Amino acid sequence: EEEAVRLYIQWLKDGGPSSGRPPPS
């Protein structure tokens, strides 16, 4: 992908907007 999003998705594998992390954007 964009791999801004692969991170993102990766962020979302943790829960994304519920990870406790601000998104990779």
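In mature numbering (1 follows the signal peptide of the UniProt record, and there is no 0), the protein residues as written are 39 to 63. Cβ coordinates follow ideal geometry from the N, Cα and C atoms, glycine included.
Pair within 9 Å by beta-carbon distance, residue 55 and residue 61: Against a cut-off of 9 Å, the Cβ pair of residue 61 and residue 55 comes out as a contact.
CB contact flag (residue 52, residue 59, <9 Å): Cβ distance < 9 Å, so residue 52 and residue 59 count as in contact.
If I measure Cβ to Cβ from residue 49 and keep anything under 7 Å in the same chain, skipping five residues before and after, which residues do I get? The answer, listed in chain order, is 57, 59, 61, 62.
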